[PDB]
>>> print(open('data_18.tsv').read())   # TSV, N, CA and C atoms
chain	number	residue	atom	x	y	z
L	1	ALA	N	0.85	-1.21	0.00
L	1	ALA	CA	0.00	0.00	0.00
L	1	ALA	C	0.85	1.22	0.00
L	2	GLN	N	2.00	1.14	0.73
L	2	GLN	CA	2.98	2.18	0.90
L	2	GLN	C	2.37	3.35	1.60
L	3	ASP	N	2.14	3.21	2.93
L	3	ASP	CA	1.63	4.27	3.74
L	3	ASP	C	2.73	4.62	4.67
L	4	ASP	N	3.73	5.32	4.12
L	4	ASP	CA	4.95	5.65	4.81
L	4	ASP	C	5.14	7.13	4.71
L	5	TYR	N	4.09	7.90	5.07
L	5	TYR	CA	4.15	9.34	5.08
L	5	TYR	C	3.78	9.81	6.44
L	6	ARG	N	2.74	9.16	7.01
L	6	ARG	CA	2.07	9.60	8.20
L	6	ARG	C	2.93	9.60	9.42
L	7	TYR	N	3.44	8.42	9.85
L	7	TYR	CA	4.11	8.35	11.13
L	7	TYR	C	5.62	8.36	10.99
L	8	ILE	N	6.13	8.98	9.90
L	8	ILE	CA	7.54	9.24	9.73
L	8	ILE	C	7.87	10.38	10.63
L	9	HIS	N	6.86	11.25	10.84
L	9	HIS	CA	6.85	12.35	11.75
L	9	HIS	C	7.02	11.89	13.17
L	10	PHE	N	6.33	10.78	13.54
L	10	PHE	CA	6.45	10.14	14.83
L	10	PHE	C	7.83	9.60	15.03
L	11	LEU	N	8.40	8.95	14.00
L	11	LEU	CA	9.67	8.28	14.15
L	11	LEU	C	10.84	9.21	13.98
L	12	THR	N	10.61	10.48	13.56
L	12	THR	CA	11.64	11.49	13.57
L	12	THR	C	11.71	12.03	14.97
L	13	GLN	N	10.52	12.31	15.54
L	13	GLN	CA	10.37	12.95	16.82
L	13	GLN	C	10.89	12.09	17.94
L	14	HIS	N	10.27	10.91	18.13
L	14	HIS	CA	10.59	10.04	19.22
L	14	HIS	C	11.70	9.12	18.84
L	15	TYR	N	11.41	8.15	17.95
L	15	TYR	CA	12.27	7.04	17.68
L	15	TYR	C	13.58	7.45	17.10
L	16	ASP	N	14.59	6.66	17.48
L	16	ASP	CA	15.96	6.95	17.16
L	16	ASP	C	16.55	5.71	16.58
L	17	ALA	N	17.03	4.79	17.46
L	17	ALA	CA	17.76	3.57	17.14
L	17	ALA	C	19.21	3.89	17.24
L	18	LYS	N	19.89	3.11	18.11
L	18	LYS	CA	21.30	3.20	18.43
L	18	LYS	C	21.55	4.46	19.21
L	19	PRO	N	21.32	4.49	20.51
L	19	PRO	CA	21.93	5.47	21.35
L	19	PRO	C	23.35	5.01	21.53
L	20	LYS	N	24.31	5.72	20.91
L	20	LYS	CA	25.71	5.46	21.09
L	20	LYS	C	26.18	6.49	22.06
L	21	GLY	N	25.79	6.28	23.33
L	21	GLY	CA	25.94	7.22	24.37
L	21	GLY	C	24.57	7.24	24.93
L	22	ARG	N	24.45	7.08	26.26
L	22	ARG	CA	23.19	7.16	26.92
L	22	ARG	C	23.48	8.08	28.05
L	23	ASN	N	24.26	9.13	27.74
L	23	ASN	CA	24.92	9.93	28.71
L	23	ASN	C	24.18	11.20	29.01
L	24	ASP	N	24.55	12.28	28.31
L	24	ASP	CA	24.13	13.61	28.65
L	24	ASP	C	24.44	14.47	27.48
L	25	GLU	N	25.64	14.24	26.90
L	25	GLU	CA	26.13	14.92	25.74
L	25	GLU	C	25.62	14.21	24.52
L	26	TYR	N	25.09	12.98	24.71
L	26	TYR	CA	24.32	12.24	23.74
L	26	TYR	C	23.07	13.00	23.44
L	27	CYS	N	22.31	13.28	24.51
L	27	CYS	CA	21.06	13.97	24.48
L	27	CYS	C	21.21	15.42	24.14
L	28	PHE	N	22.39	16.02	24.43
L	28	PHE	CA	22.66	17.40	24.12
L	28	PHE	C	23.01	17.57	22.67
L	29	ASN	N	23.61	16.53	22.05
L	29	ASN	CA	23.90	16.55	20.64
L	29	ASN	C	22.65	16.26	19.86
L	30	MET	N	21.68	15.53	20.47
L	30	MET	CA	20.38	15.32	19.89
L	30	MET	C	19.48	16.50	20.13
L	31	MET	N	19.80	17.38	21.11
L	31	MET	CA	19.09	18.61	21.33
L	31	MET	C	19.41	19.55	20.22
L	32	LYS	N	20.69	19.56	19.81
L	32	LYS	CA	21.14	20.40	18.75
L	32	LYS	C	20.71	19.90	17.40
L	33	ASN	N	20.66	18.57	17.22
L	33	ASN	CA	20.41	17.94	15.95
L	33	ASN	C	18.96	17.99	15.60
L	34	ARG	N	18.08	17.65	16.57
L	34	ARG	CA	16.68	17.49	16.31
L	34	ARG	C	16.00	18.82	16.34
L	35	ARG	N	16.49	19.75	17.20
L	35	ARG	CA	16.12	21.15	17.31
L	35	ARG	C	14.65	21.45	17.42
L	36	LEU	N	13.92	20.64	18.23
L	36	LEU	CA	12.53	20.88	18.54
L	36	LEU	C	12.47	21.14	20.01
L	37	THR	N	13.67	21.27	20.61
L	37	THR	CA	13.88	21.35	22.01
L	37	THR	C	14.69	22.60	22.20
L	38	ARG	N	14.05	23.72	21.83
L	38	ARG	CA	14.58	25.03	22.06
L	38	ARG	C	13.50	25.80	22.77
L	39	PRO	N	13.78	26.71	23.69
L	39	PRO	CA	15.02	26.89	24.40
L	39	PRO	C	15.04	25.87	25.52
L	40	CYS	N	15.54	24.65	25.22
L	40	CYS	CA	15.69	23.53	26.11
L	40	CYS	C	14.38	23.08	26.66
L	41	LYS	N	13.63	22.34	25.82
L	41	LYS	CA	12.45	21.62	26.21
L	41	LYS	C	12.94	20.48	27.04
L	42	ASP	N	12.23	20.18	28.14
L	42	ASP	CA	12.80	19.40	29.19
L	42	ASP	C	12.77	17.93	28.89
L	43	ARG	N	11.61	17.28	29.06
L	43	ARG	CA	11.57	15.85	28.94
L	43	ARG	C	11.22	15.50	27.54
L	44	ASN	N	11.86	14.43	27.05
L	44	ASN	CA	11.62	13.92	25.73
L	44	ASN	C	12.17	12.54	25.69
L	45	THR	N	11.30	11.59	25.29
L	45	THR	CA	11.64	10.20	25.25
L	45	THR	C	12.11	9.90	23.87
L	46	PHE	N	13.19	9.11	23.74
L	46	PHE	CA	13.51	8.48	22.50
L	46	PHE	C	13.21	7.06	22.74
L	47	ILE	N	12.81	6.33	21.69
L	47	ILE	CA	12.56	4.93	21.79
L	47	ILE	C	13.64	4.33	20.94
L	48	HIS	N	14.18	3.18	21.37
L	48	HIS	CA	15.09	2.41	20.58
L	48	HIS	C	14.53	1.03	20.61
L	49	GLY	N	14.75	0.29	19.51
L	49	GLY	CA	14.03	-0.93	19.30
L	49	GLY	C	13.97	-1.17	17.84
L	50	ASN	N	13.22	-2.22	17.48
L	50	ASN	CA	12.95	-2.55	16.11
L	50	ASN	C	11.84	-1.68	15.63
L	51	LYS	N	12.04	-1.08	14.43
L	51	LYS	CA	11.20	-0.07	13.84
L	51	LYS	C	9.89	-0.63	13.41
L	52	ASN	N	9.95	-1.89	12.94
L	52	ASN	CA	8.81	-2.66	12.52
L	52	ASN	C	7.98	-3.09	13.69
L	53	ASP	N	8.59	-3.12	14.90
L	53	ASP	CA	7.92	-3.49	16.10
L	53	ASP	C	7.26	-2.29	16.72
L	54	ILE	N	7.77	-1.04	16.48
L	54	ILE	CA	7.03	0.17	16.82
L	54	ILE	C	5.77	0.21	15.98
L	55	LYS	N	5.87	-0.11	14.66
L	55	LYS	CA	4.73	-0.17	13.76
L	55	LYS	C	3.70	-1.15	14.22
L	56	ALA	N	4.19	-2.32	14.71
L	56	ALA	CA	3.37	-3.38	15.21
L	56	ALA	C	3.09	-3.26	16.68
L	57	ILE	N	2.99	-2.02	17.22
L	57	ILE	CA	2.33	-1.79	18.48
L	57	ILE	C	0.93	-1.46	18.07
L	58	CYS	N	0.76	-0.99	16.81
L	58	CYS	CA	-0.55	-0.73	16.30
L	58	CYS	C	-1.07	-1.91	15.52
L	59	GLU	N	-0.77	-3.14	15.98
L	59	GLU	CA	-1.46	-4.32	15.54
L	59	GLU	C	-2.79	-4.32	16.22
L	60	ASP	N	-2.82	-4.87	17.46
L	60	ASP	CA	-3.99	-5.14	18.25
L	60	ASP	C	-3.62	-6.29	19.13
L	61	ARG	N	-2.63	-7.07	18.67
L	61	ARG	CA	-2.17	-8.24	19.37
L	61	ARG	C	-0.88	-7.94	20.02
L	62	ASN	N	0.04	-7.38	19.22
L	62	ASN	CA	1.38	-7.08	19.66
L	62	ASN	C	1.44	-5.70	20.25
L	63	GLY	N	0.28	-5.02	20.30
L	63	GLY	CA	0.08	-3.96	21.23
L	63	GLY	C	-1.39	-4.00	21.45
L	64	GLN	N	-1.79	-4.54	22.62
L	64	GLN	CA	-3.15	-4.80	23.00
L	64	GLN	C	-3.88	-3.52	23.29
L	65	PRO	N	-5.20	-3.44	23.18
L	65	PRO	CA	-5.92	-2.22	23.44
L	65	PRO	C	-5.91	-1.98	24.92
L	66	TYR	N	-5.35	-0.83	25.32
L	66	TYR	CA	-5.44	-0.32	26.66
L	66	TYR	C	-6.42	0.79	26.52
L	67	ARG	N	-7.22	1.00	27.58
L	67	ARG	CA	-8.29	1.97	27.75
L	67	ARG	C	-9.09	2.34	26.52
L	68	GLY	N	-9.53	1.30	25.78
L	68	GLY	CA	-10.40	1.32	24.62
L	68	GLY	C	-10.04	2.24	23.48
L	69	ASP	N	-8.74	2.53	23.26
L	69	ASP	CA	-8.35	3.46	22.23
L	69	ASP	C	-6.86	3.42	22.11
L	70	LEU	N	-6.19	3.35	23.27
L	70	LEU	CA	-4.76	3.43	23.42
L	70	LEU	C	-4.22	2.06	23.18
L	71	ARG	N	-2.88	1.94	23.14
L	71	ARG	CA	-2.23	0.67	22.99
L	71	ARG	C	-1.23	0.58	24.08
L	72	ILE	N	-0.94	-0.65	24.55
L	72	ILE	CA	0.18	-0.86	25.42
L	72	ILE	C	0.91	-1.96	24.74
L	73	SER	N	2.25	-1.81	24.61
L	73	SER	CA	3.06	-2.67	23.79
L	73	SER	C	3.25	-4.02	24.41
L	74	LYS	N	3.81	-4.97	23.64
L	74	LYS	CA	4.04	-6.30	24.12
L	74	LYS	C	5.43	-6.35	24.65
L	75	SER	N	6.35	-5.86	23.81
L	75	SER	CA	7.76	-5.95	24.02
L	75	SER	C	8.18	-4.81	24.88
L	76	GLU	N	9.22	-5.04	25.70
L	76	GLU	CA	9.83	-3.96	26.42
L	76	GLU	C	10.76	-3.30	25.47
L	77	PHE	N	10.54	-1.99	25.24
L	77	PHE	CA	11.36	-1.22	24.34
L	77	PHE	C	12.32	-0.51	25.21
L	78	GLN	N	13.46	-0.08	24.64
L	78	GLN	CA	14.36	0.74	25.38
L	78	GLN	C	13.83	2.11	25.23
L	79	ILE	N	13.80	2.87	26.33
L	79	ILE	CA	13.46	4.25	26.26
L	79	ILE	C	14.57	4.97	26.94
L	80	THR	N	15.21	5.90	26.20
L	80	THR	CA	16.16	6.78	26.83
L	80	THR	C	15.46	8.09	26.96
L	81	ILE	N	15.08	8.44	28.20
L	81	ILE	CA	14.38	9.66	28.45
L	81	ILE	C	15.42	10.69	28.76
L	82	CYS	N	15.66	11.60	27.79
L	82	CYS	CA	16.47	12.76	28.01
L	82	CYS	C	15.61	13.72	28.79
L	83	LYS	N	15.96	13.92	30.08
L	83	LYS	CA	15.14	14.67	30.99
L	83	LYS	C	16.02	15.71	31.58
L	84	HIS	N	15.80	16.97	31.15
L	84	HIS	CA	16.65	18.10	31.40
L	84	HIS	C	16.87	18.40	32.84
L	85	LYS	N	18.16	18.33	33.23
L	85	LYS	CA	18.61	18.51	34.58
L	85	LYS	C	19.46	19.75	34.61
L	86	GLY	N	19.57	20.37	35.80
L	86	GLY	CA	20.46	21.48	35.99
L	86	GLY	C	19.76	22.76	35.64
L	87	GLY	N	20.55	23.75	35.18
L	87	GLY	CA	20.04	25.05	34.86
L	87	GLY	C	19.42	25.00	33.51
L	88	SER	N	18.24	25.63	33.41
L	88	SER	CA	17.39	25.53	32.26
L	88	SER	C	17.18	26.88	31.68
L	89	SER	N	18.16	27.34	30.89
L	89	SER	CA	18.03	28.60	30.22
L	89	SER	C	18.71	28.47	28.90
L	90	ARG	N	20.04	28.67	28.91
L	90	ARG	CA	20.83	28.81	27.72
L	90	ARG	C	21.59	27.53	27.55
L	91	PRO	N	22.05	27.19	26.34
L	91	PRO	CA	22.96	26.10	26.12
L	91	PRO	C	24.28	26.48	26.77
L	92	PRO	N	25.02	25.68	27.52
L	92	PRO	CA	24.85	24.27	27.72
L	92	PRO	C	23.77	24.08	28.74
L	93	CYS	N	22.72	23.34	28.33
L	93	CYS	CA	21.61	23.01	29.16
L	93	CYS	C	21.91	21.68	29.75
L	94	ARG	N	22.20	20.71	28.86
L	94	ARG	CA	22.48	19.32	29.13
L	94	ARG	C	21.25	18.61	29.63
L	95	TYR	N	21.36	17.28	29.80
L	95	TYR	CA	20.19	16.47	29.98
L	95	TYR	C	20.56	15.34	30.86
L	96	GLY	N	19.59	14.89	31.66
L	96	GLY	CA	19.78	13.74	32.50
L	96	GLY	C	19.13	12.60	31.81
L	97	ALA	N	19.96	11.78	31.12
L	97	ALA	CA	19.47	10.63	30.41
L	97	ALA	C	19.21	9.55	31.41
L	98	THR	N	17.91	9.30	31.67
L	98	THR	CA	17.46	8.30	32.59
L	98	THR	C	16.85	7.26	31.73
L	99	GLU	N	17.51	6.09	31.65
L	99	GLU	CA	17.06	5.03	30.81
L	99	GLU	C	16.12	4.19	31.59
L	100	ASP	N	15.08	3.71	30.89
L	100	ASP	CA	14.30	2.63	31.41
L	100	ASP	C	14.30	1.63	30.30
L	101	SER	N	13.89	0.40	30.62
L	101	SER	CA	13.73	-0.63	29.63
L	101	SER	C	12.40	-1.22	29.96
L	102	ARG	N	11.35	-0.72	29.28
L	102	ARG	CA	10.03	-1.10	29.68
L	102	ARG	C	9.07	-0.94	28.55
L	103	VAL	N	7.88	-1.55	28.74
L	103	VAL	CA	6.72	-1.47	27.93
L	103	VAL	C	6.28	-0.04	27.94
L	104	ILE	N	5.75	0.39	26.79
L	104	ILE	CA	5.43	1.75	26.50
L	104	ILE	C	3.96	1.76	26.23
L	105	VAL	N	3.32	2.91	26.52
L	105	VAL	CA	1.96	3.12	26.12
L	105	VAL	C	2.09	4.12	25.01
L	106	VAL	N	1.45	3.82	23.86
L	106	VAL	CA	1.39	4.71	22.74
L	106	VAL	C	-0.06	4.77	22.40
L	107	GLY	N	-0.45	5.68	21.49
L	107	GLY	CA	-1.80	5.72	21.01
L	107	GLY	C	-1.74	5.71	19.52
L	108	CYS	N	-2.78	5.12	18.90
L	108	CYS	CA	-2.86	5.06	17.47
L	108	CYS	C	-3.85	6.05	16.98
L	109	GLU	N	-3.49	6.68	15.84
L	109	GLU	CA	-4.46	7.38	15.05
L	109	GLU	C	-4.24	6.84	13.69
L	110	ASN	N	-5.37	6.56	12.99
L	110	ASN	CA	-5.48	5.99	11.66
L	110	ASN	C	-5.36	4.50	11.63
L	111	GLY	N	-4.64	3.92	12.61
L	111	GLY	CA	-4.23	2.55	12.60
L	111	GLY	C	-2.75	2.53	12.40
L	112	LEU	N	-2.07	3.64	12.78
L	112	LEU	CA	-0.64	3.69	12.76
L	112	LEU	C	-0.29	4.38	14.05
L	113	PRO	N	0.86	4.19	14.69
L	113	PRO	CA	1.10	4.70	16.01
L	113	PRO	C	1.57	6.12	15.84
L	114	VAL	N	0.84	7.11	16.40
L	114	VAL	CA	1.17	8.50	16.19
L	114	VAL	C	1.62	9.08	17.50
L	115	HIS	N	0.87	8.78	18.57
L	115	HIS	CA	1.04	9.42	19.85
L	115	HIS	C	1.96	8.61	20.70
L	116	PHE	N	2.68	9.27	21.63
L	116	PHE	CA	3.49	8.61	22.63
L	116	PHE	C	3.09	9.16	23.95
L	117	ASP	N	2.72	8.26	24.88
L	117	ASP	CA	2.48	8.62	26.24
L	117	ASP	C	3.76	8.41	26.97
L	118	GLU	N	4.14	9.41	27.80
L	118	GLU	CA	5.33	9.36	28.60
L	118	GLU	C	4.90	9.11	30.02
L	119	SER	N	3.60	8.81	30.18
L	119	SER	CA	2.94	8.77	31.45
L	119	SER	C	2.97	7.41	32.06
L	120	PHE	N	3.20	6.37	31.22
L	120	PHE	CA	3.17	5.00	31.65
L	120	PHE	C	4.32	4.70	32.56
L	121	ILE	N	3.97	4.27	33.78
L	121	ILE	CA	4.90	3.82	34.76
L	121	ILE	C	4.69	2.35	34.89
L	122	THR	N	5.79	1.63	35.22
L	122	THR	CA	5.73	0.25	35.62
L	122	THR	C	5.53	0.29	37.10
L	123	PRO	N	5.17	-0.80	37.77
L	123	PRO	CA	4.99	-0.79	39.21
L	123	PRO	C	6.29	-1.16	39.87
L	124	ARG	N	7.43	-1.00	39.17
L	124	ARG	CA	8.75	-1.18	39.68
L	124	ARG	C	9.26	0.20	39.89
L	125	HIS	N	9.00	1.07	38.89
L	125	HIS	CA	9.38	2.45	38.94
L	125	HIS	C	8.11	3.26	38.66
>>> encode(input="data_18.tsv", output="structure tokens")
Amino acid sequence: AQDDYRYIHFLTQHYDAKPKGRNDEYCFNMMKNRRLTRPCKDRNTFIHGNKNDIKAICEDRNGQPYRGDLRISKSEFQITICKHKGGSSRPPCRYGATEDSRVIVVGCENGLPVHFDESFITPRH
């Protein structure tokens, strides 16, 4: 069908793949690169994982319906949450990369995963 226009926006924003650095200057170089985080937008999750498996959170099986609209994934995805620590004004802002490795709640629009909830907590954290 080739419906690869819609959630490319989603996978630019959130999804990454290969955090080669899960540090601070990782997230600061992604602050500069992605540039939707000016003047230092604080929290922002990147997801790392298989790209086809992000797509297949909007199956129904491999991401089951949570709260009659939303999806909760099957697989634990890596999430590197660049969460801005320290002084929040001018660059160098830097970021507190707090990694979790957990199931994610996303939401689908159209039947493709568009939304990302950063609200989902595990009962471990």
>>> select_by_dssp(input="data_18.tsv", residues="range 33-77 of chain L", states="alpha helix (DSSP H)", output="list in words")
residues 33, 34, 51, 52, 53, 54 and 55 of chain L
>>> closest_residue(input="data_18.tsv", among="L:23, L:54, L:82, L:90", to="residue 113 in chain L", atoms="all atoms listed in the file")
L:54
>>> closest_residue(input="data_18.tsv", among="L:32, L:69, L:50, L:43", to="residue 11 in chain L", atoms="only C-alpha atoms")
L:50
>>> residues_around(input="data_18.tsv", residues="residue 71 in chain L", least_positions_apart="4", cutoff="8 Å", atoms="only C-alpha atoms", output="MDAnalysis selection string")
chainID L and resid 57:58 60 63:67 105:108
>>> residues_around(input="data_18.tsv", residues="residue 49 in chain L", least_positions_apart="3", cutoff="6 Å", atoms="only N, CA and C atoms", output="ChimeraX atom specification")
/L:17,77-78
>>> atom_distance(input="data_18.tsv", atom1="atom N of residue 104 in chain L", atom2="atom C of residue 41 in chain L")
21.3 Å
>>> atom_distance(input="data_18.tsv", atom1="CA of residue 86 in chain L", atom2="atom C of residue 24 in chain L")
11.7 Å
>>> closest_residue(input="data_18.tsv", among="L:117, L:111, L:83, L:93", to="residue 42 in chain L", atoms="all atoms listed in the file")
L:83
>>> axis_aligned_box(input="data_18.tsv", around="range 2-17 of chain L", padding_each_side="3 Å", output="JSON")
{"center_x": 10.4, "center_y": 7.0, "center_z": 10.0, "size_x": 23.6, "size_y": 17.8, "size_z": 24.5}
>>> atom_distance(input="data_18.tsv", atom1="CA of residue 87 in chain L", atom2="atom N of residue 100 in chain L")
22.3 Å
>>> residues_around(input="data_18.tsv", residues="residue 25 in chain L", least_positions_apart="2", cutoff="8 Å", atoms="all atoms listed in the file", output="JSON, numbers by chain")
{"L": [21, 22, 23, 27, 28, 29, 30, 31, 94, 95, 96, 97]}
>>> closest_residue(input="data_18.tsv", among="L:33, L:75, L:80, L:62", to="residue 15 in chain L", atoms="only C-alpha atoms")
L:80
>>> select_by_dssp(input="data_18.tsv", residues="chain L", states="strand (DSSP E or B)", output="VMD selection string")
chain L and resid 43 to 48 63 to 66 70 to 73 77 to 83 96 to 102 105 to 110 112 to 117
>>> closest_residue(input="data_18.tsv", among="L:46, L:98, L:35, L:73", to="residue 16 in chain L", atoms="all atoms listed in the file")
L:46
